[PDB]
Structure formats: C-alpha cells, structure tokens
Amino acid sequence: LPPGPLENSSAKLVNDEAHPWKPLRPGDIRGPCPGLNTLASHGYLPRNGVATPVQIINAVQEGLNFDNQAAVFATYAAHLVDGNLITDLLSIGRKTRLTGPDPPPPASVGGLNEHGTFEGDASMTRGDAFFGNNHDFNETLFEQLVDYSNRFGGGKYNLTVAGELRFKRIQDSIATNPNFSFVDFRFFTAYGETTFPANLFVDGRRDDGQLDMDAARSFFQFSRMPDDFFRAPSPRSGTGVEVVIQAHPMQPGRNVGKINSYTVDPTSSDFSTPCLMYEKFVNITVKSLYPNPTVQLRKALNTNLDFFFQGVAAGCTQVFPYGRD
C-alpha cells in the first residue's frame, strides 16, 4: 500500500544529522525535479536516485511535508509512465538499467527524464527537450527567475512571481520551440509546480511564502537544503495554484511544427476538468504504453492504477483500462 499521511506533521529540522548532504558519486542519478533531487542528495531517498514509489512517498512526506494525496498522485503517475512496474523501481532521472528487465514497447521506462510523459515544456529552471537537455539546471533561466523575483516579489519568490514567471516561460516556448506542447497532463503539473518553491522550500518556522534567492539556488541548482532548514509546519503541495492560473489564463495547446503557431487543443482537459485529465491519463496515456499487457503486467498495472486513483483529490470516478478485478 502507499504510505498514510504523517503521524506528526509539525515543522522540524530536516537538514539534520542522519540526512547530511553529499556530493554525487559516479552513477548517481538526478533529474528534472529539484524536490526529489534534494531528498536523494540528503539520503531521504536512496542516493543513487533509484527508488520505490513507497520510498519516494515517505521521502517527500518526511523530508518536506508534501501532502499525502499529492504525493500518491504524483508518484504513481510517474511510476506508471516512467517506472518499471515489475521491479517496482523508478529512476528520478535518466533511463537506467538498474530498474531491471524492460516491458515491451511502446512503454519505455525512461525514468523522470522521459520527455512528454511527466516532464514537459516551460519548466522554470530547465530547458525544453527540443533544445537538447531537459533535466539539468540552467543558469540563464534561473537568473530569469531572479529578475522576476525582483520585479514581482520585492526580491523573494512568491505566488505573485509564480504567476508572472509561469506565463513568461510559456511565451518563451511559443516563441522559440516549434515542438512546444502544453496540453493534458503537462498543462496540469506545470501550474502546481510553480507554487512548490513558495509552499515547501520556504523554511517552516517562517512559512511565509517568500522564498529567498539563496534557498532557491540551493534547491534548484545543488539539490541542497539550507543550513538548519526546517520543513513546513504542515502537509501541503499546490495550495494557491489558482493565483498562478488566474494571473494569466491560458488555454491548453501546442505549436504546430513552427515557432509562434500556438494552437488550442480542444480535446485537452484543463483546470475545469480534472476527472477528464485523470481519465485521459489512464485510458489513453498509460493504455498506449501498455496496450495488451501479459497477465503479470496487467496485475501490476491495476495495482498501481488503484493507488494512482486514490491520490486524485477532486474525487472522480475510477476507470478501468484492463477491466475490473
């Protein structure tokens, strides 16, 4: 089973004795999530960056007070598209042989770096896949984050900044990336993630939604908590995401083979249709990766698909791409 919520979810020192930062050994895997990167680099996750969904959920909860439903939702979503369902292993970065024997195509078990499954365009501190590297910290983008913190956050990162910067990264991609895609699951995650630094990288004794540019660079670039960093004083994730959505209302869509041809996708879900997004993710995205699984793979798919459904906070009705039972 996925973990339950924390028993004691108060703020506490998480940059402590048993969870020191350490530099990367060769073979250590890091990817497009500064959240999971930091947990790994503090040993809340295995330090090589290869983990079970359960390990990942306990980590985000213990290390950072990510809420339970959000942790279940994101973990099992990633695992379903990016992880190996038999070994129950997911890489938080590049495709690796340490996740075990692969399933048939088109499932690719590419880990969190796999473009177009979880990872997607218009990341705040990462370049679009189309340009070549979709997971490494990018200094130009980060210093754009700083600018926007200066203009909009009086020098801090907060949900007002998130609003502006989220729109700016969208415009950037429309303008430069002929393969820009911003529909369905990526349309969804791209908004919440911009709340995460304000809600979770801010020291929990303060919990005031103003993230400083030191704490920011530390998380985004080095996967390192600040000294004496306390986690937030309660479980949360994308609280305030409506601030980011309403700052510059966008319709989901994509460039159509060239820059500046952003075209609305009338079949995409959006924020008014979360159950449609859940249903698409299950009955199209996951299903296309595993169209005709063997008996063993089917039972693993169904188990993980169960756990995924549990993390859908809107409720919705479970769908069953391989039948009930």
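When you see a residue number, it is the position in the sequence shown, counting from 1.
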**OP:** Could you settle it for me: does 84-92 or 172-180 have the higher average Cα B factor in the PDB entry?
**Re:** 172-180
Original post:
Out of 58-66 and 274-282, which one has CA B-factors that are higher on average in the deposited record?
Top reply: 58-66
Subject >> Out of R236, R231, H135, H79, highest CA B-factor residue >> reply: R231
Original post:
Hey, what third does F201 fall into on Cα B-factor, ranked over its chain?
Top reply: middle
Subject >> Lowest, middle or highest third - CA B-factor, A313 >> reply: middle
**OP:** Relative to the other modelled residues of the same chain, rank the CA B-factor of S218 and answer lowest, middle or highest third.
**Re:** highest
Subject >> Assigned third (lowest, middle, highest) for the C-alpha B factor of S108 >> reply: highest
Subject >> Ranked against its chain, the third holding the CA B-factor of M124 >> reply: middle
